[PDB]
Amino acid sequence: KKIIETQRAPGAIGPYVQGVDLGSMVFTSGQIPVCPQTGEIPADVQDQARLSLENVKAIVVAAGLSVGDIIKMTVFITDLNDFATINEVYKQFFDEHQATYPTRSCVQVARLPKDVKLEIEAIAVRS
């Protein structure tokens, strides 16, 4: 097992790491829509959805994998009224990478770190 560290996702500040590479599989921490260059959160849910996905991608790529290697995500959201919009961004993200859609669970939680609108964790496999 090996820690994943990348400047292309928000840095871990505290008692977790961005990702862990087990060889056969990679786990990410839950990624929130904080911009790694600014430490700020875009207000618009479309922009948050894209940025959470970009943060996940940065970690998977730092491990030497690709978006197409992601096989499970969990998408925690604060408002299911945002779901159709989040889904559209998510679908286009995978389509743009010519990637098969992963398995997914999606639930509306009460609140997320920094009052973001979503948090996404991923599991990828090394094929």
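Numbering starts at 1 and follows the sequence shown.
Comparing 33-41 with 47-55, the higher mean C-alpha B-factor in the PDB entry belongs to 33-41.
The deposited model assigns a higher average Cα B-factor to 23-31 than to the other stretch when 23-31 and 70-78 are compared. Compared with the other modelled residues of the chain, the Cα B-factor recorded for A99 ranks in the highest third. Per the PDB record, residue ranking by Cα B-factor puts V60 in the middle third of the chain. When all modelled residues of the chain are sorted by CA temperature factor, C106 is found within the middle third. Among the modelled residues of its chain, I4 has a C-alpha B-factor that falls in the highest third according to the deposited record. The PDB entry assigns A12 a C-alpha temperature factor belonging to the highest third of its chain's modelled residues.
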